[PDB]
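Just so you know, these numbers use all the heavy atoms, side chains as well, and skip hydrogens, waters and symmetry mates. Order of the sequence lines sets the chain letters (A, B, ...), proteins ahead of strands, with each chain counted from 1.
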2 protein chains.
Amino acid sequence: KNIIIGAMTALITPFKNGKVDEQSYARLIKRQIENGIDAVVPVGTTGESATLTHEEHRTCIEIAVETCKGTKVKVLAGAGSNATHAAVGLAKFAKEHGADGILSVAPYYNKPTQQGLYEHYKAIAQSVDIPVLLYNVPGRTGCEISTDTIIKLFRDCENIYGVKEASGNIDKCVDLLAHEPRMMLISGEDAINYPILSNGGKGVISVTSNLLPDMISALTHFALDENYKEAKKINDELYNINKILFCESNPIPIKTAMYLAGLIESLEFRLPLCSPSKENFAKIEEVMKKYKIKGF
Amino acid sequence: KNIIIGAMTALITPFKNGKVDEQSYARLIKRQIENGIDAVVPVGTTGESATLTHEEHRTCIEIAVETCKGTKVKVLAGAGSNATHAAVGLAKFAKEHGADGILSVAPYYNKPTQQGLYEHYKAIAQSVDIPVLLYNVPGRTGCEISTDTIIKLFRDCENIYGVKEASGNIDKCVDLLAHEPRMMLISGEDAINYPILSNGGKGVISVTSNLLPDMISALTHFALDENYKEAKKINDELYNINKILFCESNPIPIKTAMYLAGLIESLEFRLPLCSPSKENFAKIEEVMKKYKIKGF
Ligand SMILES: N[C@@H](CCCC[NH3+])C(=O)O
Ligand SMILES: N[C@@H](CCCC[NH3+])C(=O)O
Ligand SMILES: [Mg+2]
Ligand SMILES: [Mg+2]
Ligand SMILES: [Mg+2]
Ligand SMILES: [Mg+2]
Ligand SMILES: [Mg+2]
Ligand SMILES: [Mg+2]
Ligand SMILES: [Mg+2]
Ligand SMILES: [Mg+2]
Ligand SMILES: [Mg+2]
Ligand SMILES: [Mg+2]
Ligand SMILES: [Mg+2]
């Protein structure tokens with residue numbers, strides 16, 4: 001199977017005057033490239049998928065593909081939707097516009113059954129010929145892709161090569177790789193990047209890497225080389241920022257941190273997302289002081 | 001405040017050859033009207049909001065407004081979205097096309113903060129001049145509209161007159177009506193319709209009423225007339241069907257029941273929703289046999 005692994009970043013989507021700051025977007029991805037990141041994920045949850053139009057969603061995928069051309073960095077395009085027809089459309093767009101693969105979040109709100117999830121991802125996988133990474137985050141979607149369903153999709157579909165797990169369930173992470181060791185388990189929860197990697201996970205799709213790409217990059221590559229003492233040291237070191245970046249709902253804290261670091265021009269969200277509390281703003285600002293934040 | 005209360009139905013959306021069966025849709029609404037229902041809710045969760053296009057979502061609102069014209073039955077149009085700009089657009093469409101009010105689900109997937117929920121609903125309420133009913137269903141959205149936020153929105157926004165609660169939290173329903181007794185608490189949980197009404201709730205937005213509109217209507221009207229013994233009697237009798245209609249994720253069981261009752265033409269969903277397992281199909285069919293289903 002073709003895979004996309006290593007250190008990956010769930011890209012924030014900067015706004016300027018209520019519109020996607022496409023030049024800031026390209027600059028941020030380009031900063032990621034220059035700091036050891038292996039792949040970028042445009043328009044995930046962290047990229048405010050929900051509030052982008054289908055045209056802006058597609059524009060962000062294009063900017064990512066263009067910016068990464070001529071580099072080793074891959075584009076794992078965010079292509080999820082709770083409507084199968086729409087997820088297939090995003091998958092086909094990403095394939096036709098040069099993405100190396102797609103991430104596809106489990107359908108949110110409408111809570112499909114395991115059978116429905118299987119048919120949902122199989123239709124997505126059959127629509128294109130690029131790798132497809134499942135994305136399980138039950139706290140946001142209201143549904144869970146079971147281990148059995150994940151393993152079935154991995155074995156039944158050629159392009160489905162693994163899962164990004166944001167479920168706080170290291171037991172499930174053991175379950176997955178003990179019964180199907182060929183799949184690529186990707187950490188979608190920064191605080192436990194090292195435990196997932198140390199159990200045979202092969203990469204991360206990180207929120208923290210938006211702010212500290214070099215540290216997340218080093219952590220992942222240390223761990224992939226089985227340098228667990230160095231990988232764990234970084235993971236323990238990052239715990240404080242990893243947790244404070246979810247003081248409020250992601251991506252509210254990470255965008256707050258990027259703004260405080262001078263990496264984006266304005267602390268702008270699209271409703272229903274909003275600025276952090278004044279208190280959490282100060283808490284984010286205080287935790288950042290213990291870290292070396294790279295500029296451009 | 002301007003209000004829409006009483007017995008209300010979260011309308012299923014019948015599909016025929018992958019398209020909205022518009023003549024069946026109108027026929028089902030007239031069946032609701034003829035069985036004592038006070039209002040209909042087009043395109044909720046039960047109406048497969050997630051997988052309808054904007055054109056379809058809008059068409060279903062039109063059919064409901066249009067079919068209920070000349071009757072006492074009101075149209076509480078489903079207008080929720082996890083993107084505030086889209087929720088404002090749906091609200092404005094419903095107002096301009098003759099809906100009596102709108103239902104608006106709390107944003108799903110992107111998990112706004114309480115401040116974000118307030119600004120989300122404030123923007124919706126200011127966009128129209130018709131009543132707005134909040135909709136809290138944390139098991140599907142991943143977020144909760146707190147009691148304080150609901151009460152603030154009720155007091156600060158003219159159009160916001162209550163909430164449809166689908167949270168299995170009768171404590172919160174006491175909390176809401178003890179601190180703000182003027183709001184219209186609406187049950188969004190069929191199994192506990194009577195307990196919510198007996199504590200001062202003023203209506204239901206029912207899934208079960210799709211199949212048994214006469215029974216849900218009678219339950220609500222018994223309770224509103226303070227005949228709690230008869231309202232509880234129907235609630236107790238309906239428990240078995242109320243539960244089996246969620247053996248799988250709504251609206252998979254209710255559409256199965258409507259199809260088994262001969263009320264719709266095909267057991268058709270849009271992916272990622274799918275037909276139930278063969279057990280739950282058989283379980284739904286067996287529970288239905290103990291209830292008298294009205295025809296057309
Ligand atoms: N707000 C909708 C539409 C998003 C379209 C662009 N990703 C959703 O989250 O599914
Ligand atoms: N699937 C998207 C778009 C649906 C728009 C029509 N109701 C959502 O659930 O938000
Ligand atoms: Mg555009
Ligand atoms: Mg996705
Ligand atoms: Mg979508
Ligand atoms: Mg399809
Ligand atoms: Mg090495
Ligand atoms: Mg600054
Ligand atoms: Mg009436
Ligand atoms: Mg709604
Ligand atoms: Mg009253
Ligand atoms: Mg079966
Ligand atoms: Mg079964």
Atom CE in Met8(A), atom CD in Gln32(A): separation rounded to 0.5 Å? 13.0 Å

Taking the side chain from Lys74(A) and the backbone from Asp38(A), do they hold a donor-acceptor pair closer than 3.5 Å? no

List in chain and number order the residues that pass side chain to side chain contact (heavy atoms under 4.5 Å, CB included) with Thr45(A), two or more places apart in sequence or in another chain; answer none if no residue qualifies. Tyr135(A), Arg140(A), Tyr109(B)

Can I get a per-line list of side-chain donor-acceptor pairs under 3.5 Å for residues 195-205 of chain A, giving both atom names and the distance, sequence neighbours left out?
from	atom 1	to	atom 2	distance (Å)
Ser198(A)	OG	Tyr194(A)	O	3.3
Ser198(A)	OG	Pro195(A)	O	3.0

So side chain to side chain donor-acceptor pair (under 3.5 Å) across residues 75-85 of chain A, not counting sequence neighbours, yields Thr84(A)-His120(A)

Whether the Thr13(A) and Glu48(A) side chains hold a donor-acceptor pair (N or O, under 3.5 Å, no angle test) is what I'd like checked. no

Heavy atoms of other groups near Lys243(A) NZ, more than 12 under 6.0 Å: no

Could you pull out the closest heavy-atom pair between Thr9(B) and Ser209(B), with the gap in Å? OG1-OG, 2.6 Å

Please assess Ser249(A) against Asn110(B) for the test side chain to side chain contact (heavy atoms under 4.5 Å, CB included), listing each intermediate value before the final yes or no. CA-CA 8 Å; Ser249(A) 275; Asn110(B) 51 7; over 6 Å; no

Sorted by chain and number, sequence neighbours left out, side-chain hydrogen bond (donor to acceptor under 3.5 Å, both in side chains) with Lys16(B) holds for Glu265(B)

For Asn193(A) and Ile216(A), indicate whether the former's side chain and the latter's backbone hold a donor-acceptor pair under 3.5 Å. no

Listed partners of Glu268(B) passing side-chain hydrogen bond (donor to acceptor under 3.5 Å, both in side chains), at least two apart: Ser266(B)

Test item: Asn35(A) side-chain N/O and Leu212(A) main-chain N/O as donor-acceptor pair under 3.5 Å: no

Do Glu96(A) and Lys92(A) come within less than 4.5 Å of each other through their side chains, counting heavy atoms only? yes

Restricting to non-hydrogen atoms, name the atom on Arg270(B) and the atom on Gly18(B) that form the minimum distance, rounded to 0.1 Å. NH2-O, 3.0 Å

So do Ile63(A) and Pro42(A) actually touch side chain to side chain, heavy atoms under 4.5 Å? no

Before giving the answer on side chain to side chain contact (heavy atoms under 4.5 Å, CB included), spell out for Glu237(A) and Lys233(A) the whole-Å C-alpha distance, their side-chain angles and the decisive distance to 0.1 Å. CA-CA 6 Å; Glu237(A) 211 147 273; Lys233(A) 184 188 168 180; 3.7 Å; yes

Rounded at 0.5 Å granularity, tell me how far CD1 in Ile12(A) sits from CD1 in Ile29(A). 10.5 Å

Would you list the pairs meeting salt bridge (charged side-chain N to carboxylate O under 4.0 Å, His left out) in which at least one residue belongs to residues 166-184 of chain A, sequence neighbours left out? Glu144(A)-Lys172(A), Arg155(A)-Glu180(A), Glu165(A)-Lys172(A), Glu180(A)-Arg182(A)

Is the shortest side-chain heavy-atom distance between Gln126(A) and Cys157(A) below 4.5 Å? no

Listed by chain and number, what are the side chain to side chain contact (heavy atoms under 4.5 Å, CB included) partners of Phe246(B), not counting sequence neighbours? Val207(B), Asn250(B)

Going by the rule salt bridge (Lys or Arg N to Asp or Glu O under 4.0 Å), which residues pair with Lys111(A) if we only count those two or more places apart in sequence or in a different chain? none

Counting only heavy atoms not in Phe269(B) (residues, nucleotides, ligands), do more than 12 fall under 6.0 Å from its CZ? yes

Hey, are the side chains of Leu260(B) and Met288(B) touching, using non-hydrogen atoms and a 4.5 Å cut-off? yes

Results of side chain to side chain contact (heavy atoms under 4.5 Å, CB included) for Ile244(B) - residues two or more places apart only: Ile241(B), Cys247(B), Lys283(B), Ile284(B), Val287(B)

Should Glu55(A) and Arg58(A) count as an ion pair when the cut-off is N to O under 4.0 Å? no

So, does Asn210(B) use its side chain to make a donor-acceptor pair with the main chain of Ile254(B) at under 3.5 Å? no

What is the distance from atom CG of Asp156(A) to atom CD of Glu158(A), rounded to the nearest 0.5 Å? 11.5 Å

Do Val163(A) and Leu185(A) touch side chain to side chain, with heavy atoms closer than 4.5 Å? yes

Run through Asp190(A), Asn235(A), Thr208(A) and flag the one making a side chain to side chain donor-acceptor pair (under 3.5 Å) with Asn242(A). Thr208(A)

Starting from the C-alpha separation in whole Å, work towards a yes-or-no answer on side chain to side chain contact (heavy atoms under 4.5 Å, CB included) for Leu28(B) and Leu263(B). CA-CA 8 Å; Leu28(B) 294 164; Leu263(B) 295 166; 4.3 Å; yes

Atom of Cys60(B), atom of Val43(B) and distance for their closest heavy-atom approach: CB-CG2, 3.5 Å

List in chain and number order the residues that pass side chain to side chain contact (heavy atoms under 4.5 Å, CB included) with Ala106(A), two or more places apart in sequence or in another chain; answer none if no residue qualifies. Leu117(A), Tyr121(A), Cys143(A), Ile145(A)

How about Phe15(B) and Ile264(B): do any of their side-chain heavy atoms sit closer than 4.5 Å? no

Quick one: are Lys164(A) and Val41(A) in side-chain contact, heavy atoms under 4.5 Å? no

Do you know which two heavy atoms are closest between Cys274(B) and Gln115(A), and how far apart they sit? SG-CG, 3.9 Å

Interatomic distance, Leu90(A) atom CG to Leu103(A) atom CG [nearest 0.5 angstrom]: 11.5 Å

side-chain hydrogen bond (donor to acceptor under 3.5 Å, both in side chains) partners for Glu189(B), two or more places apart: none

Test side chain to side chain contact (heavy atoms under 4.5 Å, CB included) applied to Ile130(A) and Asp100(A), step by step: CA-CA 6 Å; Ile130(A) 54 171; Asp100(A) 298 282; over 6 Å; no

From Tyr239(B) atom OH to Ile192(B) atom CD1, the distance as rounded to the nearest 0.5 Å: 10.0 Å

From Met184(A) CE over to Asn2(A) CG, what is the distance, rounded to the nearest 0.5 angstrom? 10.5 Å

Taking atom types as modelled, is there a side-chain donor on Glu248(A) or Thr113(B) under 3.5 Å from an acceptor on the other? no

Which atom pair, heavy atoms only, marks the closest approach of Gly80(A) to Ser104(A)? CA-OG, 3.7 Å

So do the side chains of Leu271(A) and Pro112(B) get within less than 4.5 Å of each other, counting heavy atoms only? no

Of all heavy-atom pairs between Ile252(B) and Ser275(B), which one has the smallest distance, and what is that distance? CG2-C, 4.3 Å

Can you name the residues that form a ring pair (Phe, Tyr, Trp, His ring centres under 6.0 Å) with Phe93(A), not counting sequence neighbours? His97(A)

